[PDB]
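Shown next: protein-v5.cif, containing mmCIF, N, CA and C atoms and all ligand atoms.
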```cif
data_input
#
loop_
_atom_site.label_atom_id
_atom_site.label_comp_id
_atom_site.auth_asym_id
_atom_site.auth_seq_id
_atom_site.Cartn_x
_atom_site.Cartn_y
_atom_site.Cartn_z
N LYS E 1 23.80 46.28 102.30
CA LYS E 1 25.15 46.19 102.82
C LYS E 1 25.29 47.33 103.86
N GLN E 2 25.97 47.00 104.91
CA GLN E 2 26.21 48.01 106.00
C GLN E 2 27.73 48.31 105.92
N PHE E 3 28.11 49.50 105.51
CA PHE E 3 29.52 49.86 105.38
C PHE E 3 30.06 50.29 106.76
N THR E 4 31.35 50.22 106.91
CA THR E 4 32.04 50.86 108.00
C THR E 4 32.45 52.27 107.53
N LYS E 5 32.75 53.09 108.53
CA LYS E 5 33.21 54.42 108.26
C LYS E 5 34.41 54.43 107.35
N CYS E 6 35.39 53.54 107.61
CA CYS E 6 36.60 53.57 106.76
C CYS E 6 36.33 53.06 105.36
N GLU E 7 35.42 52.09 105.23
CA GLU E 7 35.06 51.64 103.89
C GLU E 7 34.46 52.77 103.05
N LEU E 8 33.54 53.52 103.67
CA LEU E 8 32.88 54.58 102.87
C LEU E 8 33.88 55.68 102.54
N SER E 9 34.78 55.94 103.53
CA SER E 9 35.80 56.94 103.29
C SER E 9 36.60 56.64 102.05
N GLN E 10 36.95 55.37 101.85
CA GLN E 10 37.66 54.97 100.63
C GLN E 10 36.80 55.11 99.41
N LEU E 11 35.51 54.74 99.53
CA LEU E 11 34.67 54.83 98.35
C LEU E 11 34.38 56.27 97.96
N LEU E 12 34.24 57.13 98.95
CA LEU E 12 33.81 58.49 98.70
C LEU E 12 34.96 59.47 98.60
N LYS E 13 36.19 58.97 98.66
CA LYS E 13 37.34 59.87 98.72
C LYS E 13 37.28 60.92 97.65
N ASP E 14 36.83 60.52 96.44
CA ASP E 14 36.91 61.47 95.34
C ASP E 14 35.82 62.51 95.36
N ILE E 15 34.79 62.31 96.20
CA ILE E 15 33.78 63.33 96.27
C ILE E 15 34.08 64.41 97.26
N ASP E 16 35.19 64.26 97.99
CA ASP E 16 35.59 65.29 98.96
C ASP E 16 35.73 66.63 98.20
N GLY E 17 35.02 67.61 98.69
CA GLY E 17 34.95 68.97 98.24
C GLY E 17 33.86 69.24 97.24
N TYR E 18 33.19 68.17 96.78
CA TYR E 18 32.12 68.39 95.80
C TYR E 18 31.05 69.28 96.40
N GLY E 19 30.65 70.32 95.69
CA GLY E 19 29.67 71.25 96.23
C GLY E 19 30.16 71.97 97.47
N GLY E 20 31.47 71.92 97.75
CA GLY E 20 32.02 72.60 98.91
C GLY E 20 31.77 71.87 100.21
N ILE E 21 31.45 70.58 100.10
CA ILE E 21 31.27 69.76 101.30
C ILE E 21 32.48 68.88 101.54
N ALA E 22 33.04 68.92 102.73
CA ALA E 22 34.20 68.11 103.09
C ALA E 22 33.76 66.67 103.37
N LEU E 23 34.62 65.72 103.05
CA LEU E 23 34.36 64.32 103.29
C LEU E 23 33.83 64.01 104.65
N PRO E 24 34.46 64.51 105.73
CA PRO E 24 33.95 64.19 107.06
C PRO E 24 32.54 64.65 107.30
N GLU E 25 32.21 65.81 106.71
CA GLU E 25 30.84 66.31 106.86
C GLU E 25 29.86 65.36 106.20
N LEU E 26 30.22 64.83 105.04
CA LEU E 26 29.33 63.90 104.32
C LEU E 26 29.17 62.58 105.06
N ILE E 27 30.29 62.09 105.62
CA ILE E 27 30.22 60.84 106.37
C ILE E 27 29.36 60.99 107.61
N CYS E 28 29.55 62.10 108.30
CA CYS E 28 28.68 62.45 109.40
C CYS E 28 27.21 62.41 109.00
N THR E 29 26.92 63.07 107.88
CA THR E 29 25.57 63.16 107.38
C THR E 29 24.99 61.79 107.10
N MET E 30 25.78 60.91 106.47
CA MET E 30 25.30 59.57 106.16
C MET E 30 25.03 58.75 107.40
N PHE E 31 25.91 58.93 108.41
CA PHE E 31 25.67 58.20 109.65
C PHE E 31 24.33 58.54 110.24
N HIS E 32 24.07 59.85 110.35
CA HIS E 32 22.82 60.30 110.92
C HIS E 32 21.59 59.86 110.16
N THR E 33 21.72 59.73 108.85
CA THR E 33 20.53 59.51 108.05
C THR E 33 20.29 58.08 107.67
N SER E 34 21.30 57.31 107.33
CA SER E 34 21.09 55.94 106.99
C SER E 34 21.87 54.97 107.85
N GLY E 35 22.76 55.46 108.70
CA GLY E 35 23.62 54.55 109.46
C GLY E 35 24.53 53.73 108.54
N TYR E 36 24.82 54.22 107.35
CA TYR E 36 25.71 53.60 106.39
C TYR E 36 25.10 52.33 105.77
N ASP E 37 23.80 52.24 105.74
CA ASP E 37 23.13 51.02 105.24
C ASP E 37 22.48 51.30 103.88
N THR E 38 22.90 50.50 102.88
CA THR E 38 22.42 50.64 101.55
C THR E 38 20.95 50.29 101.40
N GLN E 39 20.40 49.55 102.33
CA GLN E 39 19.04 49.07 102.28
C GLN E 39 18.09 49.84 103.15
N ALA E 40 18.55 50.96 103.70
CA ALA E 40 17.70 51.74 104.58
C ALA E 40 16.49 52.28 103.81
N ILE E 41 15.31 52.15 104.44
CA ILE E 41 14.11 52.72 103.83
C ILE E 41 13.36 53.49 104.94
N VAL E 42 13.11 54.75 104.76
CA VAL E 42 12.36 55.56 105.72
C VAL E 42 11.05 55.97 105.04
N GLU E 43 9.92 55.56 105.58
CA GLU E 43 8.64 55.87 104.98
C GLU E 43 7.99 57.05 105.73
N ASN E 44 7.66 58.05 104.93
CA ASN E 44 6.98 59.22 105.52
C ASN E 44 5.53 59.14 105.03
N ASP E 45 4.74 60.10 105.36
CA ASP E 45 3.34 60.17 104.97
C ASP E 45 3.15 60.08 103.45
N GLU E 46 3.89 60.88 102.73
CA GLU E 46 3.62 61.15 101.32
C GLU E 46 4.83 60.83 100.44
N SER E 47 5.86 60.24 101.03
CA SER E 47 7.06 59.94 100.25
C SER E 47 7.88 58.90 101.05
N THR E 48 8.84 58.34 100.34
CA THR E 48 9.75 57.35 100.93
C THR E 48 11.16 57.76 100.50
N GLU E 49 12.12 57.56 101.40
CA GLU E 49 13.52 57.80 101.12
C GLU E 49 14.30 56.47 101.20
N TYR E 50 15.20 56.33 100.22
CA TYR E 50 15.82 55.07 99.94
C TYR E 50 17.33 55.08 100.01
N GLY E 51 17.91 54.05 100.62
CA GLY E 51 19.28 53.75 100.49
C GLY E 51 20.21 54.57 101.36
N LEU E 52 21.50 54.42 101.06
CA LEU E 52 22.57 55.04 101.83
C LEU E 52 22.40 56.55 101.93
N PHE E 53 21.97 57.17 100.83
CA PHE E 53 21.80 58.60 100.75
C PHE E 53 20.36 59.02 100.96
N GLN E 54 19.45 58.11 101.30
CA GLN E 54 18.10 58.48 101.64
C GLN E 54 17.48 59.39 100.61
N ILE E 55 17.52 58.94 99.37
CA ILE E 55 17.02 59.69 98.23
C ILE E 55 15.52 59.51 98.08
N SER E 56 14.82 60.64 97.99
CA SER E 56 13.38 60.66 98.04
C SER E 56 12.69 60.47 96.70
N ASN E 57 11.61 59.70 96.73
CA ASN E 57 10.77 59.53 95.57
C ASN E 57 9.93 60.76 95.26
N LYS E 58 9.93 61.76 96.13
CA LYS E 58 9.10 62.93 95.85
C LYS E 58 9.59 63.68 94.64
N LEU E 59 10.90 63.70 94.44
CA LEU E 59 11.50 64.50 93.39
C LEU E 59 12.55 63.78 92.57
N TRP E 60 13.27 62.80 93.17
CA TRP E 60 14.53 62.40 92.65
C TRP E 60 14.57 61.13 91.84
N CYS E 61 13.65 60.21 92.13
CA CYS E 61 13.62 58.92 91.45
C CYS E 61 12.17 58.47 91.25
N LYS E 62 12.00 57.53 90.36
CA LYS E 62 10.67 57.04 89.99
C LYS E 62 10.28 55.84 90.87
N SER E 63 9.10 55.95 91.45
CA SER E 63 8.49 54.92 92.29
C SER E 63 6.98 54.94 92.02
N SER E 64 6.33 53.81 92.20
CA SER E 64 4.88 53.77 92.01
C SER E 64 4.14 54.54 93.08
N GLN E 65 4.78 54.86 94.22
CA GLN E 65 4.11 55.60 95.26
C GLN E 65 3.78 57.03 94.85
N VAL E 66 4.68 57.63 94.06
CA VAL E 66 4.57 59.02 93.66
C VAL E 66 4.73 59.11 92.14
N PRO E 67 3.66 58.77 91.42
CA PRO E 67 3.66 58.71 89.97
C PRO E 67 4.08 59.99 89.26
N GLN E 68 3.78 61.11 89.89
CA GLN E 68 4.04 62.43 89.36
C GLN E 68 5.42 62.94 89.66
N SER E 69 6.29 62.13 90.25
CA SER E 69 7.60 62.64 90.64
C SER E 69 8.33 63.18 89.39
N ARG E 70 9.01 64.31 89.57
CA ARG E 70 9.91 64.86 88.58
C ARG E 70 11.03 63.93 88.17
N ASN E 71 11.44 63.02 89.02
CA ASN E 71 12.47 62.04 88.68
C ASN E 71 13.73 62.69 88.14
N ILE E 72 14.27 63.62 88.92
CA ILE E 72 15.44 64.38 88.54
C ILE E 72 16.64 63.54 88.21
N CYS E 73 16.89 62.45 88.94
CA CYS E 73 18.02 61.59 88.65
C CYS E 73 17.78 60.58 87.53
N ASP E 74 16.58 60.56 86.99
CA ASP E 74 16.17 59.80 85.83
C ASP E 74 16.46 58.32 86.04
N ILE E 75 15.92 57.79 87.12
CA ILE E 75 16.25 56.41 87.51
C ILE E 75 15.16 55.89 88.41
N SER E 76 14.95 54.59 88.38
CA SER E 76 14.01 53.94 89.28
C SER E 76 14.59 53.90 90.67
N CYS E 77 13.76 54.13 91.66
CA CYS E 77 14.24 54.18 93.03
C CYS E 77 14.81 52.85 93.52
N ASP E 78 14.45 51.74 92.91
CA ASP E 78 14.97 50.46 93.35
C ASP E 78 16.48 50.37 93.23
N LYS E 79 17.04 51.18 92.34
CA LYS E 79 18.48 51.20 92.15
C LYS E 79 19.22 51.67 93.37
N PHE E 80 18.52 52.33 94.29
CA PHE E 80 19.12 52.83 95.52
C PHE E 80 19.03 51.84 96.67
N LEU E 81 18.65 50.60 96.37
CA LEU E 81 18.52 49.57 97.40
C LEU E 81 19.44 48.38 97.15
N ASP E 82 20.38 48.53 96.25
CA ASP E 82 21.32 47.47 95.94
C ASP E 82 22.69 47.81 96.50
N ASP E 83 23.66 46.93 96.26
CA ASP E 83 24.96 47.04 96.88
C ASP E 83 25.93 47.87 96.07
N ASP E 84 25.48 48.42 94.96
CA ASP E 84 26.37 49.24 94.10
C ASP E 84 25.95 50.70 94.34
N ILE E 85 26.78 51.48 95.00
CA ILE E 85 26.43 52.86 95.31
C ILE E 85 26.84 53.82 94.24
N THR E 86 27.20 53.32 93.05
CA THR E 86 27.60 54.21 91.96
C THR E 86 26.50 55.14 91.51
N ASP E 87 25.32 54.58 91.24
CA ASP E 87 24.20 55.37 90.82
C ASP E 87 23.68 56.24 91.97
N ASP E 88 23.78 55.75 93.20
CA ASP E 88 23.43 56.55 94.37
C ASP E 88 24.27 57.83 94.42
N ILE E 89 25.57 57.65 94.19
CA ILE E 89 26.48 58.78 94.22
C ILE E 89 26.17 59.76 93.11
N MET E 90 25.89 59.25 91.92
CA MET E 90 25.51 60.11 90.80
C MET E 90 24.37 61.02 91.23
N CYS E 91 23.35 60.43 91.87
CA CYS E 91 22.16 61.17 92.25
C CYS E 91 22.41 62.09 93.42
N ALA E 92 23.20 61.64 94.38
CA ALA E 92 23.58 62.48 95.50
C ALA E 92 24.30 63.74 95.03
N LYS E 93 25.14 63.61 94.00
CA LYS E 93 25.81 64.78 93.45
C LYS E 93 24.83 65.80 92.89
N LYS E 94 23.79 65.33 92.24
CA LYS E 94 22.73 66.21 91.77
C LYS E 94 22.05 66.92 92.94
N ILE E 95 21.77 66.18 94.01
CA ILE E 95 21.19 66.75 95.19
C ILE E 95 22.06 67.82 95.79
N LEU E 96 23.37 67.56 95.89
CA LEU E 96 24.31 68.54 96.39
C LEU E 96 24.35 69.79 95.56
N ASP E 97 24.23 69.63 94.25
CA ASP E 97 24.22 70.77 93.34
C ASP E 97 22.99 71.62 93.51
N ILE E 98 21.85 71.00 93.75
CA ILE E 98 20.56 71.72 93.71
C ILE E 98 20.11 72.16 95.07
N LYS E 99 20.16 71.29 96.08
CA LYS E 99 19.70 71.50 97.42
C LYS E 99 20.82 71.66 98.44
N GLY E 100 21.99 71.18 98.15
CA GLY E 100 23.11 71.21 99.08
C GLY E 100 22.91 70.24 100.22
N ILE E 101 23.78 70.34 101.24
CA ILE E 101 23.72 69.45 102.37
C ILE E 101 22.42 69.52 103.14
N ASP E 102 21.67 70.61 103.04
CA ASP E 102 20.43 70.73 103.78
C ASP E 102 19.33 69.82 103.31
N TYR E 103 19.51 69.17 102.14
CA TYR E 103 18.59 68.09 101.82
C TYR E 103 18.49 67.11 102.98
N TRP E 104 19.64 66.76 103.53
CA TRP E 104 19.75 65.83 104.65
C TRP E 104 19.57 66.48 105.99
N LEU E 105 20.24 67.61 106.20
CA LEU E 105 20.39 68.18 107.51
C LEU E 105 19.38 69.24 107.85
N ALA E 106 18.65 69.78 106.90
CA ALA E 106 17.52 70.64 107.16
C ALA E 106 17.84 71.84 107.98
N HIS E 107 18.97 72.49 107.73
CA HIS E 107 19.30 73.67 108.52
C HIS E 107 19.46 73.43 110.00
N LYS E 108 19.79 72.22 110.40
CA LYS E 108 20.21 71.96 111.76
C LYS E 108 21.73 72.00 111.87
N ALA E 109 22.20 72.18 113.11
CA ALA E 109 23.61 72.27 113.39
C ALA E 109 24.31 70.94 113.50
N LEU E 110 23.71 69.85 113.04
CA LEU E 110 24.37 68.57 112.94
C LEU E 110 25.62 68.68 112.07
N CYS E 111 26.62 67.89 112.41
CA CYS E 111 27.82 67.76 111.59
C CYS E 111 28.52 69.08 111.39
N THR E 112 28.63 69.88 112.43
CA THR E 112 29.31 71.16 112.36
C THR E 112 30.52 71.20 113.29
N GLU E 113 30.59 70.30 114.28
CA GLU E 113 31.66 70.33 115.24
C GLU E 113 32.45 69.03 115.29
N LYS E 114 33.71 69.15 115.68
CA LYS E 114 34.59 68.00 115.86
C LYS E 114 34.55 67.08 114.66
N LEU E 115 34.65 67.68 113.47
CA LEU E 115 34.51 66.89 112.25
C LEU E 115 35.59 65.85 112.10
N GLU E 116 36.71 66.03 112.82
CA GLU E 116 37.79 65.03 112.70
C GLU E 116 37.34 63.66 113.17
N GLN E 117 36.28 63.62 113.97
CA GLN E 117 35.80 62.33 114.47
C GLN E 117 35.32 61.42 113.36
N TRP E 118 35.00 61.99 112.21
CA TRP E 118 34.44 61.24 111.10
C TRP E 118 35.49 60.73 110.14
N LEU E 119 36.77 60.99 110.41
CA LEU E 119 37.85 60.54 109.54
C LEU E 119 38.16 59.07 109.83
N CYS E 120 38.68 58.39 108.85
CA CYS E 120 39.19 57.04 109.10
C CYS E 120 40.65 57.15 109.61
N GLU E 121 40.88 56.55 110.78
CA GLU E 121 42.18 56.66 111.44
C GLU E 121 42.97 55.37 111.37
N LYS E 122 42.44 54.34 110.75
CA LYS E 122 42.95 53.00 110.92
C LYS E 122 44.08 52.60 110.05
N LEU E 123 44.29 53.27 108.92
CA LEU E 123 45.35 52.77 108.00
C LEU E 123 46.45 53.87 107.94
CA CA W 201 22.68 51.55 93.73
#
```

structure tokens encoding of this file:
Amino acid sequence: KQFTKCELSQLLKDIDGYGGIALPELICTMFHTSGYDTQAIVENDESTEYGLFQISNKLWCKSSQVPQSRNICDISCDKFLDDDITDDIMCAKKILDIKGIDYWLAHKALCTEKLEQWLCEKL
């Protein structure tokens, strides 16, 4: 499923401030990383990242590609490729707790300016 900005804003409203991250910053982050697509798959050399939150099999979920993964979110990675982002959010919260926003942004200055652009203005 490909969400719109305003759709995700409604779904994610309650996570605003979690780990000290503002909603617009998170929406910005998701745009850059998955384009708001629940089915996004990015394959790297030694790991794959899945879904809206681009959750990696290296540490976070169980996949046959990386048998030794710690599987911190205690879930099969296929769960991050469906249309229900509930479990995705559960795992993203763990990521925010442990790694923070730099899991996604890697210490780059992305999503630091004009954050109001990421708000839903339509309703
Ligand atoms: Ca899911």

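Around the coordinate (40.8, 58.2, 100.7), residues that reach within 12 Å when counting only C-alpha atoms are residues 5, 6, 7, 8, 9, 10, 11, 12, 13, 14, 15, 16, 23, 24, 119, 120, 121, 122 and 123 of chain E.
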
Atoms kept (N, CA and C atoms) for selection, written as an mmCIF file, keeping the file's coordinate frame:
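Output saved as part01.cif:
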```cif
data_model
loop_
_atom_site.group_PDB
_atom_site.id
_atom_site.type_symbol
_atom_site.label_atom_id
_atom_site.label_comp_id
_atom_site.auth_asym_id
_atom_site.auth_seq_id
_atom_site.Cartn_x
_atom_site.Cartn_y
_atom_site.Cartn_z
ATOM 1 N N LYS E 5 32.750 53.090 108.530
ATOM 2 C CA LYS E 5 33.210 54.420 108.260
ATOM 3 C C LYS E 5 34.410 54.430 107.350
ATOM 4 N N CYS E 6 35.390 53.540 107.610
ATOM 5 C CA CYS E 6 36.600 53.570 106.760
ATOM 6 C C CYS E 6 36.330 53.060 105.360
ATOM 7 N N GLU E 7 35.420 52.090 105.230
ATOM 8 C CA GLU E 7 35.060 51.640 103.890
ATOM 9 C C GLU E 7 34.460 52.770 103.050
ATOM 10 N N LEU E 8 33.540 53.520 103.670
ATOM 11 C CA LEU E 8 32.880 54.580 102.870
ATOM 12 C C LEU E 8 33.880 55.680 102.540
ATOM 13 N N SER E 9 34.780 55.940 103.530
ATOM 14 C CA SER E 9 35.800 56.940 103.290
ATOM 15 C C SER E 9 36.600 56.640 102.050
ATOM 16 N N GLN E 10 36.950 55.370 101.850
ATOM 17 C CA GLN E 10 37.660 54.970 100.630
ATOM 18 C C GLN E 10 36.800 55.110 99.410
ATOM 19 N N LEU E 11 35.510 54.740 99.530
ATOM 20 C CA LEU E 11 34.670 54.830 98.350
ATOM 21 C C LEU E 11 34.380 56.270 97.960
ATOM 22 N N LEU E 12 34.240 57.130 98.950
ATOM 23 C CA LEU E 12 33.810 58.490 98.700
ATOM 24 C C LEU E 12 34.960 59.470 98.600
ATOM 25 N N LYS E 13 36.190 58.970 98.660
ATOM 26 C CA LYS E 13 37.340 59.870 98.720
ATOM 27 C C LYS E 13 37.280 60.920 97.650
ATOM 28 N N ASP E 14 36.830 60.520 96.440
ATOM 29 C CA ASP E 14 36.910 61.470 95.340
ATOM 30 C C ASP E 14 35.820 62.510 95.360
ATOM 31 N N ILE E 15 34.790 62.310 96.200
ATOM 32 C CA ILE E 15 33.780 63.330 96.270
ATOM 33 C C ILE E 15 34.080 64.410 97.260
ATOM 34 N N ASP E 16 35.190 64.260 97.990
ATOM 35 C CA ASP E 16 35.590 65.290 98.960
ATOM 36 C C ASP E 16 35.730 66.630 98.200
ATOM 37 N N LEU E 23 34.620 65.720 103.050
ATOM 38 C CA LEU E 23 34.360 64.320 103.290
ATOM 39 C C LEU E 23 33.830 64.010 104.650
ATOM 40 N N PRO E 24 34.460 64.510 105.730
ATOM 41 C CA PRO E 24 33.950 64.190 107.060
ATOM 42 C C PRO E 24 32.540 64.650 107.300
ATOM 43 N N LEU E 119 36.770 60.990 110.410
ATOM 44 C CA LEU E 119 37.850 60.540 109.540
ATOM 45 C C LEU E 119 38.160 59.070 109.830
ATOM 46 N N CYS E 120 38.680 58.390 108.850
ATOM 47 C CA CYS E 120 39.190 57.040 109.100
ATOM 48 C C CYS E 120 40.650 57.150 109.610
ATOM 49 N N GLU E 121 40.880 56.550 110.780
ATOM 50 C CA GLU E 121 42.180 56.660 111.440
ATOM 51 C C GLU E 121 42.970 55.370 111.370
ATOM 52 N N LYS E 122 42.440 54.340 110.750
ATOM 53 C CA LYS E 122 42.950 53.000 110.920
ATOM 54 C C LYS E 122 44.080 52.600 110.050
ATOM 55 N N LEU E 123 44.290 53.270 108.920
ATOM 56 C CA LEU E 123 45.350 52.770 108.000
ATOM 57 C C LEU E 123 46.450 53.870 107.940
#
```

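Each of E:4, E:31, E:73, E:66 was checked against residue 48 (chain E) using all atoms listed in the file; the smallest atom-to-atom distance is that of E:66.
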
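Interatomic distance, CA of residue 86 (chain E) against CA of residue 106 (chain E): 24.5 Å.
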
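When DSSP is run on the backbone, the residues of region 39-92 of chain E that fall into strand (DSSP E) are residues 41, 42, 43, 48, 49, 50, 55 and 56 of chain E.
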
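Once region 111-114 of chain E and its same-chain neighbours fewer than 3 positions away are set aside, residues 25, 28, 29 and 117 of chain E remain within 8 Å of it when counting only C-alpha atoms.
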
Query - helix (DSSP H, G or I) per DSSP on the backbone: members of region 39-104 of chain E, as number ranges by chain - result: E: 77-81, 86-98, 102-104

Give me the box for region 53-61 of chain E as AutoDock Vina command-line options, namely the centre and edge lengths in Å to one decimal of a box along x, y and z that holds every listed atom plus 6 Å on each side.
```
--center_x 15.5 --center_y 60.8 --center_z 96.4 --size_x 24.9 --size_y 19.3 --size_z 22.4
```
